[PDB]
Protein chains: 4
Amino acid sequence: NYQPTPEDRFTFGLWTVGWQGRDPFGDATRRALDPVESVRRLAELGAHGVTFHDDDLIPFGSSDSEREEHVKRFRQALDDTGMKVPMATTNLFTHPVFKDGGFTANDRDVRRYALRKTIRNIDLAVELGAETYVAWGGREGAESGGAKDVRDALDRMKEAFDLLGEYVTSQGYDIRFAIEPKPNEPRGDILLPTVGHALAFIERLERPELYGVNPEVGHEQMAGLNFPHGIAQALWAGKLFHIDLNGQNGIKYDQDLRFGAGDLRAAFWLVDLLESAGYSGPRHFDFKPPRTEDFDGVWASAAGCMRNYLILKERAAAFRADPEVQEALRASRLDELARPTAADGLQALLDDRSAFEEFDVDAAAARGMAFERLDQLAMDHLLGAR
Amino acid sequence: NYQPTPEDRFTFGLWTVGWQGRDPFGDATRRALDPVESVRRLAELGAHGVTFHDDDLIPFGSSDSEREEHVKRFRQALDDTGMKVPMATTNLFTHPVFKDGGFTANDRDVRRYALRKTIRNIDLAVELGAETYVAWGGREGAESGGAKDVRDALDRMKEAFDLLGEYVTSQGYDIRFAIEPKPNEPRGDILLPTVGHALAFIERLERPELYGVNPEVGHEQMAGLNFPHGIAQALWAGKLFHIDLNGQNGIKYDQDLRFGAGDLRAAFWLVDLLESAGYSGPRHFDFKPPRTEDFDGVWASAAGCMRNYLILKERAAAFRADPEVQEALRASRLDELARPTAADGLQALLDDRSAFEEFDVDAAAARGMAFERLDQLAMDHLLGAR
Amino acid sequence: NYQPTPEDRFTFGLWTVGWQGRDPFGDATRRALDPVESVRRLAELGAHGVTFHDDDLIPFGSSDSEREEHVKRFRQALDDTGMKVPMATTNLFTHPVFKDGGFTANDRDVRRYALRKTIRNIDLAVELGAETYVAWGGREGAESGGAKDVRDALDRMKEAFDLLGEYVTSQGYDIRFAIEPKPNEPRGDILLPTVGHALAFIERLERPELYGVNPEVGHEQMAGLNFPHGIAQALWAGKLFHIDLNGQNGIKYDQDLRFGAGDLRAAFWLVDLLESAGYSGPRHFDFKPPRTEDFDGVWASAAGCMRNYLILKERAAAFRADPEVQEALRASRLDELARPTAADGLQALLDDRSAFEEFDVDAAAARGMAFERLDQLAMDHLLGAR
Amino acid sequence: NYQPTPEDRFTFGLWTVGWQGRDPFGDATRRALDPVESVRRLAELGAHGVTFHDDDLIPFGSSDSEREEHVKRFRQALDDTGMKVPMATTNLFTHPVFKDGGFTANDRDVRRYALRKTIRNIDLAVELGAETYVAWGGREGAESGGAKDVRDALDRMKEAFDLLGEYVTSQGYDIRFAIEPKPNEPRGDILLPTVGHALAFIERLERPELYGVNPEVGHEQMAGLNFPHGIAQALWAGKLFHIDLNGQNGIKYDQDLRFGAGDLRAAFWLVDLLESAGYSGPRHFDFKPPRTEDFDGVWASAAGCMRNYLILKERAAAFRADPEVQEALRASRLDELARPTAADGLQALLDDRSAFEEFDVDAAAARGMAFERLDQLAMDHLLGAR
Ligand SMILES: [Cl-]
Ligand SMILES: [Cl-]
Ligand SMILES: [Cl-]
Ligand SMILES: [Cl-]
Ligand SMILES: [Mn+2]
Ligand SMILES: [Mn+2]
Ligand SMILES: [Mn+2]
Ligand SMILES: [Mn+2]
Ligand SMILES: [Mn+2]
Ligand SMILES: [Mn+2]
Ligand SMILES: [Mn+2]
Ligand SMILES: [Mn+2]
C-alpha cells in the first residue's frame, strides 16, 4: 500500500532524478538522462507531472530547430503518459555570465539578458500548460560587504519582477510567480534568504497578487528555521503558490535528500499542515538521489519521496481524527487559541476588570499546558504505536 | 578619542547593565542595580538615554503609590542628567503566566491580560516621552508541533497589534511600534523568527504605517543570517524604526555580547550601512556584560559598546571617502547596480537585440568582478593598515 | 505495551523531573520536588534508578547533621522502591564562585575548592553504590580570547582529573569517571566541546583506563554533529562509560527535550547502535519537561522518554532481523566493509596488480551502492509500514 | 608594508589559486592554470612554497612518460623560483570510484586501490622534499544510517593509516602524516569530523608518533567550534603538524574564503596563538578565490591571505608586549591559571582547610574577572585604536 496515483499530484523536476551527481568535490557518477525517459519512468512510478528549467529541456545555445525538436519529443512523452507540466523555471545560475547574479547582477547588460532569458521560457511554460513560474535567485547575493549594495539590489529585483508581471499581463497569461528563498549557497549570503524576506518583498511589488512563495524544506532548515511554521505563515498570507519537498539534516550545505529523510518529525507536521489547510497545489520534490546511487537507486529514491508523503498523510489524519487526541487538544486549549482575544472590542477590554484588576495570574500560571501528553500522542501515531 | 557624546544617541536598556548574571545554569553574580544609579553612570559615560521594560522600572505587583515613587525617582535622575527615554517595552516573558505566550498564549484570559499590561506601559512610555514601543514576543511559539496552530496564533498576534494600534490612535499618541524578531530561545521556535517574517506580518495589519522592526544583531545571527543584509531590506521597506546593537558568535544561545564583539566585520558593514543610509534613530545596545564581571566590568563593557561603534564609524567613512575605494567600486560596477535595468520599458527591452540575440555572454562572463581587491581595501581600512 | 521494567535500566537525574522551569528569560513554573517523591514517582513509572549532583541531594551550605538527614531520607526511598544510584556528579556550575570555571578557573583557590567539593561527593557516590562519576565542565571556557589560555587550562584540567584518579585509587574505590562534553552554553565556548576532544584529552591522563565519556544527545547536536557516529567512535575506543539520552532540534540552546523528540531518525540509529553493540550501562535521561507543564506533564514526559526508547528498540531489532534487510546490507556491501582491506599484508598489497595496475576503476565506479533502497527499508521499519 | 617574504613560510595548494570556479550550481568561470605558472606567480607574491594533490600535478590516467614530463616541468619552476614543496596529499574524492570513500569505501577493492594510489604519491612527495603528507577523507562517511557501520569503518581507517605508517617506515622516509578533519560536505556526515575526533583516533594507531592533525579554519567553524581553542588542544597534544588557513562565515557550506575574511577576531586569536606557541610549520592557505574573480582577482586574493596574516601578527605581538595589557592579564589572573593547582600533592590538598572548610566562597565569587577590559584592549590593538 501507500501506492501513489497521479491524483496525489506528485511532481518532480527533470533536474532531480536527472542529477548526474556532480558536487563541488567530485565528478558525475551517472550519465545524463533523456527527459523523455524521465517522464516515462516517473509516470510508471505514479507521478502526476514534471517541471523544468529552460536549460534542462533545451540545451543552452540550442538553435531554434533544435529547440523545436526537443520540445516536440517532450510533448510526445507527455501525451504518451498523461503527465503534466504544472511549473517551470529559468536557469539563471549555471552559466558563468550569472556569476554575480541574474536580476541583480552588478552588470546592467547581464540583468537585461537575464530578463530576456526568463521571458522566453515563460512563453514556453505557458505553452506546456504551466500554472506557476518559479524563480530561485541562487546567484543573487554576495561573499563580501562592498560587492553588493542590497538596497540597490532590491531595487533591481523589484524592477525585474515588476517587468515580468507587466509581461504576463500584457500577454493575458494566467500563470503566477513563486519566489523560492534560500539563505546561502552558492553565494555566501543570498538575497531574500527566507520565506519571511520573500513574503515581505512581494508586498512591495506593483501587482503583489501575481507573486507567492515556493518554499523548500531543506532551504529554510539551512537557517535552522521551523519549516512547518514558515509554511503556516505563507498560508496565512495566502501566498503558498507552490512547494518544494525534500529532506535536510541540519544547518549545512543543501543536501536535497528524498522527502521524509532528514527531519522526520518536521515532515509529519508539514504533511499535517498541508492536508489540514487544504493545500491544492503540486506536491513537488526538489531532491537529488545521492551520487552513491545507480539508476535503480534513482528511481527507488524517487519512489520513496512519494511513499513517505503518503505514510505521513495517513498518520497525521489518524492523529487528528483520534477522539483521545481531540480531547488532548481541548485540554491544551487549542480551541481557545482559535477564538478571538477580544471580539468585544477595545473599550470593553479596557473596562474588563477580569482582564487585569481582578485577573488571578497565579491561578492561570498554575495551569499546565499538557503539551507533552499531546506530543506523545502525536509520536505514537507517527510510529504506529497506539 | 572615540569619546561618545549624547549627540551620538547611544542608548541602553535598564536590563543590560542591570543584568545580575543569572543564566540557565547559574545564580546571580551581581547585585541588582537601582535604575537611578544606571541612569547616572550611563550619563557619565556619554550615553544619550535609557530604555525599559515595565517590570524593570516598576517591580511586578507594585501598588499605585509604589509605582508613582519609582517613577518620580527615575524622572529626577533623567532631569538631573539630561538623559532621554526614546523607547520602552513590556515584559511578557518572565512571569510564569506567560509560559505559553502573551498575545498568542493558548489561554484567552492570558492574551487579554497581556494586552492590558502592555496598554498600561504604553501610557507610561508616552509620559516619559518615548517615540518607539518595542515588542519582543519571546514566549510566542512552541516546543512541539501540536501545541500551537500557527495560523490561529498569527490571527491572535494580528488581533493584538491591531488593538494596540487602535488604542494609540484613540489616544492621539505619536508613538510607533517596533517588532523585535528572534528565531528561538526561550521557545524551541519563536513566531516571526526573522526580520523578513516580521516585515511580512506587518503588511497584514490594519494600519501598517504604525509598525516597523527592531532587529537585533545577535538574533538574526542565531539563524546564520547576514544582519547588514536584513537591515538593508528593513531600510528598503521604510521600516527600520529602532535597532538593537550587540555581538554574537554564531548559531548558539543568545549571547548578547557588547557591540563590536562577535562578528567584527559584520559590525563594520552594519555601521557603514546605518551611516550611509542616514539612520536617525537611537543606537541602542541590548547587551549583557558577561557574568564573569563585577560592576567595574559592567561599565567597561558598556563603554566598549560605544567606543567600537565610533571606531567602526570612522573606518567606514574613510573607506567610502577614499578615492582608490571609489575607483574600485566603479571597477566592480557598483555604479551600474544602482542604475535601472530597463528604464526604456518592457517593449524596448523585448526589441533590444543587444539584450539577447546579439548579447555576447562569453565576453560578459569573462569580466572579473574585482570584488576581492575591493574587499581587501575594506579590510585595510577596518584594521587601519592603509 | 512498551512498558518499561527496571530491567531496562532506565535512569533519571534528580534535576530532570525536578527542574522548576527557570530559563534565562523566566521564573520557575513548578515548585521544587522532594528527591524522595521523585524516587517514588520514577519507580512507579518503571525506572531502574536515579542520579544526582551533590547540590541536588544536599542543599549548598548544609550542615553535617542536615546532610545526614537528607541522605538518610533518600536512602529510605531507595530501600522502599528497589531503586539504584548508578551515577553521580558534582555541581561546579551554579554557585557564582564557579563563574570562570571549577577545575580551570583562573583563580587557583577556586580550582582547589572545586577539587575538594568533588572529592567529598565521590565518597558519597560510592556509599550510595555509584559505578560512574560524571563531570560536566559547563563553566570551563571563555567568552573572549584573552581570558583563557587554553593550553594552561588543559594543563589544569589534566591536573584535576589526575588528582581525582589518584584519590579513587588511594581509597580502593571501583568507580570510574565519565567526562561529558558540551560545545557551548553557558560559556561562549566550552573546553572539550565534543566527544572527540574528550576522548583525545583522556589519552593524556596519567591513568587513562579510569576515564571514559558521557556523551549527551543534544550536546553533540548543538555542534551539528551526528550523535550515532560519535557514540560509535566512543564504543570503538572502549570509552562509552555512560550516556545521556534526550532530544534536540538543531543548533541552538540546549533544549533537553524528552528522548525521541528532536531528531527522531538519529534516535532510531542510536538505539540500533547501542543494542547492536551490547551497551550495558544505564539508559540515562538528562532532560527537562518543558516549563509549560505541570507535575502531571513532568511524569508524562518522563514516561515518554522510556516509551520511545522501547519503541525504537523494537523497530531497530525488526530492521536488523528482516531477511530482506539482510539482503540489502549485502547488496550495499556492508559485509565487505567489515572485512580487512589487506590481511595479506603490505607487500602483497604492493604486489597486487588487481589493486592498481589492473584495477578497472570505471567498472567499480559504475556499481551503485543501493543505499537508498536500504534506507527506505529502515524508514518503513521505523514507521511500521512494512 | 606587510610584505611577505619566503621566510614567512607562506604556502598555497595548486588547487587554491588554480580553482576554476566550478561549484554545485555552476560551471567554471576561469581556465585551468598550468602549475608552472602558479609557482611563478606565487613566488612573485612572496610565497615560500606550494602543495599538491597527485591529480593536480599529474592528470588522472597519465602515462609514465606523461608523468615524468609533468614532474620535470614542475621541478624546473621550483628550481627557477626557489619555491619549496613542504606538503602533498592524495585525491581520494573526485573520481566516481571514490563515491563511498577511499580507505573506508564499503567495496574492498576500492579501499586497496585507494591505498596504492596514496603510496604512489607519497614516493613522489618525498622526492619533491615534502615533510608532511595530508589526508582529507572527504568521502569517508554517509548520508544514511544503514550505509556505514562506523565501528567497521574506523577499523578500516586504522588499517589504512597503519599500512601507510608501515610503508614509510619500511622505506626509511622521514615524512609524517597529518589528518585533516571536516564535519560534513561532500558526505552528509564525515568520519573524524573535528580536530578532537582526529586526535583521539590517532591514539589508536600502531605508531601514533607518525600522525598529527592538519586542521582547517573553515572546517571547524562549520561545526560552530572555536578554531583557536582546537588549535590549542592540538598544540597541547604535540600534534599540530600542519595547518590550513582560510576564512568562513558561520555554519554553512565550506566557503574557503581568503585568510582574514570570515571571522576576523578568530583569525587574530589564531595568529596570536600560533606565534605565541612558536608554531614552526608552513602557513598554508587552503582557499578559493571567489568565482566572481578573473585571474587578477585570483592573485589579489592570494596576496590578501598573506597580508592579513602579517597585519594580525603585528597587532597580536603589540597586544602581548603592551605593559597595560600585561597588567590586565595579571588582573584577570592569567598568571594564576598557569600555576599548578596543587603541586603540594593530594594529601596536602585534602588537609588544606583553606581549600574547603575555611574557603570564603562569597569573597572569591565577588572578585570580578575583568575580562571585558582585557578584551577591549585586544580590540583596540586589533583595530589600531590604542
Ligand atoms: Cl521588504
Ligand atoms: Cl505574513
Ligand atoms: Cl588532546
Ligand atoms: Cl577514538
Ligand atoms: Mn535544495
Ligand atoms: Mn527547490
Ligand atoms: Mn539578545
Ligand atoms: Mn534586543
Ligand atoms: Mn543538555
Ligand atoms: Mn547531560
Ligand atoms: Mn575548506
Ligand atoms: Mn584544507
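Naming convention: chains lettered A, B, ... in sequence-line order (proteins, then strands); numbering from 1 in each chain. Both backbone and side-chain heavy atoms feed into the values below; hydrogens, waters and symmetry mates do not.
Looking at heavy atoms from C-beta onward, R291(C) lies in side-chain contact with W19(C) at the 4.5 angstrom threshold. Taking 4.5 Å as the limit, some side-chain heavy atom of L382(D) sits within range of a side-chain heavy atom of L264(B). Two residues are said to be in side-chain contact when any heavy atoms from C-beta on lie closer than 4.5 Å; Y253(B) and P24(B) fail this criterion. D286(C) has its side chain within reach of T16(C): a pair of non-hydrogen atoms, C-beta onward, lies under 4.5 Å apart. Proximity of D100(C) to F371(D): side-chain heavy atoms (C-beta onward) are separated by under 4.5 Å at one or more points. Using a 4.5 Å heavy-atom threshold, the side chains of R373(D) and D296(B) count as separate. Between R108(C) and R112(C), the closest side-chain pair of non-hydrogen atoms falls below 4.5 Å.
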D380(D) vs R307(B), test: salt bridge (charged side-chain N to carboxylate O under 4.0 Å, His left out). Steps then yes/no. CA-CA 9 Å; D380(D) 287 349; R307(B) 189 174 176 77; 3.0 Å; yes
Start with the C-alpha distance between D263(D) and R265(B), add both sets of side-chain angles, then the distance that settles salt bridge (charged side-chain N to carboxylate O under 4.0 Å, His left out), and finish with yes or no. CA-CA 8 Å; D263(D) 187 338; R265(B) 280 203 100 192; over 6 Å; no
With side chain to side chain contact (heavy atoms under 4.5 Å, CB included) as the test, would you mind laying out the steps for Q248(D) and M222(D) before giving the verdict? CA-CA 8 Å; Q248(D) 180 71 15; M222(D) 286 173 75; 3.8 Å; yes
Working for side chain to side chain contact (heavy atoms under 4.5 Å, CB included), residues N249(C) and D189(B): CA-CA 9 Å; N249(C) 275 309; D189(B) 292 289; 5.6 Å; no
Hey, mind stepping through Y133(C) and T90(C) against side chain to side chain contact (heavy atoms under 4.5 Å, CB included) and telling me if it holds? CA-CA 8 Å; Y133(C) 200 87; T90(C) 323; 2.6 Å; yes
Give the C-alpha distance, both sets of side-chain angles, the deciding distance and a yes or no for side chain to side chain contact (heavy atoms under 4.5 Å, CB included) between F52(C) and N121(C). CA-CA 10 Å; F52(C) 68 95; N121(C) 199 54; 3.5 Å; yes
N246(C) and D256(C): side chain to side chain donor-acceptor pair (under 3.5 Å), yes or no, with the steps? CA-CA 6 Å; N246(C) 67 11; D256(C) 278 1; 3.0 Å; yes
Verdict with supporting geometry, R139(B) and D23(C), salt bridge (charged side-chain N to carboxylate O under 4.0 Å, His left out): CA-CA 12 Å; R139(B) 295 283 173 200; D23(C) 75 20; 2.7 Å; yes
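Here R315(D) pairs with nothing under the salt bridge (charged side-chain N to carboxylate O under 4.0 Å, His left out) rule; sequence neighbours left out. For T341(D), the side-chain hydrogen bond (donor to acceptor under 3.5 Å, both in side chains) partners at least two apart in sequence or on another chain are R111(C). Evaluation of the side chain to side chain contact (heavy atoms under 4.5 Å, CB included) rule for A300(B) yields no partner, not counting sequence neighbours. Taking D254(C) as the reference, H219(C) meet the side-chain hydrogen bond (donor to acceptor under 3.5 Å, both in side chains) condition, with sequence neighbours excluded. Under the rule for a salt bridge (charged side-chain N to carboxylate O under 4.0 Å, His left out), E220(C) has no partner lying at least two apart in sequence or in another chain. Residues meeting the salt bridge (charged side-chain N to carboxylate O under 4.0 Å, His left out) test with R339(D), sequence neighbours left out: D335(D), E336(D). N184(B) is linked by a side-chain hydrogen bond (donor to acceptor under 3.5 Å, both in side chains) to nothing, counting only residues two or more places apart in sequence or in another chain. For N308(B), the side chain to side chain contact (heavy atoms under 4.5 Å, CB included) partners are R258(B), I311(B), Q376(D), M379(D), not counting sequence neighbours. Residues forming a side chain to side chain contact (heavy atoms under 4.5 Å, CB included) with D272(D) (at least two apart in sequence, or on another chain): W269(D), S276(D), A316(D), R320(D). Partners of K117(C) under the salt bridge (charged side-chain N to carboxylate O under 4.0 Å, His left out) rule, at least two apart in sequence or in another chain, are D54(C), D55(C). Every side chain to side chain contact (heavy atoms under 4.5 Å, CB included) that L274(D) has, sequence neighbours left out, goes to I231(D), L240(D), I243(D), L270(D), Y279(D), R283(D), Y309(D).
A perpendicular orientation is assigned to the rings of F161(C) and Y211(C), their planes being inclined by more than 60° (bins at 30° and 60°). Ring planes of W236(D) and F201(C): parallel class, angle under 30° (limits at 30 and 60°).
Atom NZ of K239(D) and atom CD of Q233(D) lie 13.0 Å apart (nearest 0.5 Å). For the atom pair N106(C) CG and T292(B) OG1, the distance stands at 10.0 Å (nearest 0.5 Å). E185(C) CD to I190(C) CD1: the interatomic distance, rounded to the nearest 0.5 Å, is 7.5 Å. The CD1 atom of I122(C) sits 5.0 Å away from the CG atom of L164(C) when rounded to the nearest 0.5 Å. Atom CZ of residue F241(C) and atom CG of residue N214(C) lie 11.5 Å apart, to the nearest 0.5 angstrom. Taken to the nearest 0.5 Å, the CG atom of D27(B) stands 10.5 Å off from the CZ atom of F93(C).
Taking every heavy atom of both residues into account, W136(B) and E180(B) meet most closely at CD1-O, 3.3 Å. The minimum heavy-atom distance between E293(B) and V298(B), with the atom names listed, is CB-N, 4.3 Å. For the residue pair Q221(C) and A266(C), the shortest heavy atom distance occurs at NE2-CB, 3.9 Å.
With hydrogens and angles disregarded, no donor-acceptor distance shorter than 3.5 Å links the side chain of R30(B) to the backbone of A28(B). With hydrogens and angles ignored, the 3.5 Å screen pairs a side-chain donor or acceptor of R156(C) with a backbone N or O of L337(D). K148(C) places a side-chain N or O within 3.5 Å of a backbone atom of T104(C) that can act as its donor or acceptor partner. Looking at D149(C), its side chain never comes within 3.5 Å of a backbone N or O of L334(D) through a donor-acceptor pair. With hydrogens and angles ignored, the 3.5 Å screen pairs a side-chain donor or acceptor of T194(C) with a backbone N or O of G196(C). Of the possible polar contacts, none joining the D107(C) side chain to the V110(C) backbone as a donor-acceptor pair under 3.5 Å is found. Remark: side-chain polar atoms of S301(B) are not paired, donor with acceptor, to backbone N or O of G297(B) under 3.5 angstrom.
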Per-pair distances, 0.1 Å, donor-acceptor, side chain in residues 360-369 of chain D, under 3.5 Å, sequence neighbours excluded:
{"from": "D360(D)", "atom 1": "OD1", "to": "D362(D)", "atom 2": "N", "distance (Å)": "3.2"}
{"from": "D360(D)", "atom 1": "OD1", "to": "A363(D)", "atom 2": "N", "distance (Å)": "3.1"}
{"from": "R367(D)", "atom 1": "NH2", "to": "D109(C)", "atom 2": "OD2", "distance (Å)": "2.7"}

